[PDB]
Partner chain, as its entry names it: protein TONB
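Take a look at this single chain in structure tokens; it is the form solved without the partner chain.
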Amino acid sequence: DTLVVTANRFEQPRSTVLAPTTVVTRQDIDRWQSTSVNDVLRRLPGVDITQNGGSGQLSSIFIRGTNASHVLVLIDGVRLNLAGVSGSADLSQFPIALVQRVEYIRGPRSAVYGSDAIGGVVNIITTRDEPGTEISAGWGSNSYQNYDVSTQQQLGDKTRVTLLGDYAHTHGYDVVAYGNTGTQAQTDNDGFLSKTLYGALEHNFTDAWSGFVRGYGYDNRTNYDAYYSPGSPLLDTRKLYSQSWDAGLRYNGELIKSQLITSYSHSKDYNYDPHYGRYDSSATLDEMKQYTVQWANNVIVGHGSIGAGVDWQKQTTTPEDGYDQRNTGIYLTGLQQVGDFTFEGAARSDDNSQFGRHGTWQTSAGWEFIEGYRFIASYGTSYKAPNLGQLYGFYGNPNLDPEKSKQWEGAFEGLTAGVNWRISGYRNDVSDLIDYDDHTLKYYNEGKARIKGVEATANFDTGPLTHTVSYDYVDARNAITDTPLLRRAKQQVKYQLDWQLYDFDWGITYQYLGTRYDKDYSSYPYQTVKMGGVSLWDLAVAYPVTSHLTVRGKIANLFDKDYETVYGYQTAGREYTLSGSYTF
């Protein structure tokens, strides 16, 4: 196991987390030769992603079949900051260079974190420890190119620093669109450019008390497609800027853990064509500022812990009505162990300045009935806050309540003859779904979803061969009308194969994207169409040409499989990348 700290906010061992958690490390990501967050995520259990194309294009994540806004994305413990009016975050913009570790725990977790923890939680962590300085970059399949410098160091004792800058660029391909340009097209590759900057300070006043400060930021330009009058502007292009800063102290004692954290984030997300735009306009800007403050405690008691915090949010976006919004929550957590029984739980009330008070809880009990074998049940209750669009839009309704989930899940987990496996069943009923009525050009909370999913995983070695495999089946329907929701695969299958030989470290990663259902905007009324669903393979190698130098190479979409995760957006297709790192 591996500590991981994103279940109850403090360190703890995964074994000791009844819910399915998955962790991705740097080694991992470097292996994977991943070039985006999207890449990494798509691999793990329960994740369905979709893309209005290649790199840089919006994207969307469906954890166990919930809506794309029904996931909580945390960066370093802290809600992302998706600006605009749809929960949807789209980690297509979030520089992968920043990523040192992802920690991902599927299932509800609003009783710790609040809103969005409905499917599960994706905590992306920017923080390393792993001193030295590093150069690198790469080249490839669409004049893609990347360069990058890293270091962390000490400035005398109890202090260390960390800087990173990183530049990627690609020209891309046209992604056609097809029901989003109207009269004409693009016949234009729609590229992406991001440039990024990170700094850290890290400091112990002692071997218990510590602090940080961080600051980071990026500056992306990506090009997209739109709709079109001959006219009459486009909106070709998007330009996002985004900075964050944090501060905390921690104290980590033998029994009692504490943290006080702080952070402030501000983006500014221009869309525009492209000629006299800006600035025009003809030119939409969405800006946001989120502030955050949180203080938490835990301590050790039994083979258990108890913990609690308070946790405060302020988001002022800019335009007369939707602008400044505030949340505050207070929760409790508990772990314990008794015999071969674990019990783990959490609860929270939130007070939200639009919709007032709402609360939320979860439980799990496990039973290790034979050594190595273990049976877990869980129950849990989560929610999602209304968005401005829904609230204060043109069909806004500022009285909306949140959207409510209930989830049950059942799992067996075992070691058997060398294989670490798990399998797991869940029902999630969602409700008070926010659903506009043509009806009256207002939204209301009215709609219901059911989800029934199964998650099976395994890992093992045979040779010098390593196997990491999962299967996922998600049956996600509209409860009222009993049709399949959209853009979701009933079925996924993901294998990875790792091994080492001569000095070539090899990986081959397979996935099957099962078939799915969506909308063809080609023509109103708009109809749904069934996408067929498909098999990908990528091939990756690395070599330590020295001792400081690794040199890698990756063929992605190894055969050449055409397909979409969104009807009308062309996906990538076969790409090469050729890449290098020096250390010292």
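Heads up, when I say rigid core I mean the largest set of C-alphas that superpose within 1.5 Å between the two forms. Numbering follows the first chain given and starts at 1.
Heads up, the form deposited with the partner chain bound isn't pictured, but that's what we're talking about next.
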Please determine whether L465 contacts the partner chain in the entry with it bound, using a 4.5 Å cut-off between heavy atoms.
yes
Is there a non-hydrogen atom of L578 within 4.5 angstroms of a non-hydrogen atom of the partner chain in the entry with it bound?
no
Taking the partner chain as it sits in the entry with it bound, is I376 near enough to touch it, meaning that at least one heavy atom pair lies within 4.5 angstroms?
yes
Any non-hydrogen atom of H303 within 4.5 angstroms of the partner chain in the entry with it bound
yes
So, a 4.5 angstroms cut-off on heavy atom distances: do all three of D30, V37 and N220 pass it with respect to the partner chain in the entry with it bound?
no
Which of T342, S258, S150, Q496 has a heavy atom within 4.5 Å of the partner chain in the entry with it bound?
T342
Identify, from the list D280, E368, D429, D475, the residue with a heavy atom within 4.5 Å of the partner chain in the entry with it bound.
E368
Counting only heavy atoms and a 4.5 Å cutoff, which of 509-517, 138-146, 407-415, 208-216 contacts the partner chain in the entry with it bound?
407-415
The partner chain in the entry with it bound - contacting residues of 446-462, heavy atom within 4.5 Å
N459, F460, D461
Single mover in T457, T170, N445, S263, with Cα shift of 2 Å or more between the shown form and the other one when the core is superposed:
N445
Yes/no, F394 Cα shift of 2 Å or more between the shown form and the other one with rigid core fixed
yes
Quick check: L485 between the shown form and the other one - does its CA shift reach 2 Å or more after fitting the rigid core?
no
With the core lined up, does the C-alpha of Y113 move 2 Å or more between the shown form and the other one?
yes
Pairwise C-alpha change, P131 versus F10, in the entry with it bound against this form - closer or farther, 3 angstroms or more:
closer
Checked in the entry with it bound: CA of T6 to CA of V493 differs by 3 Å or more, atoms lying farther
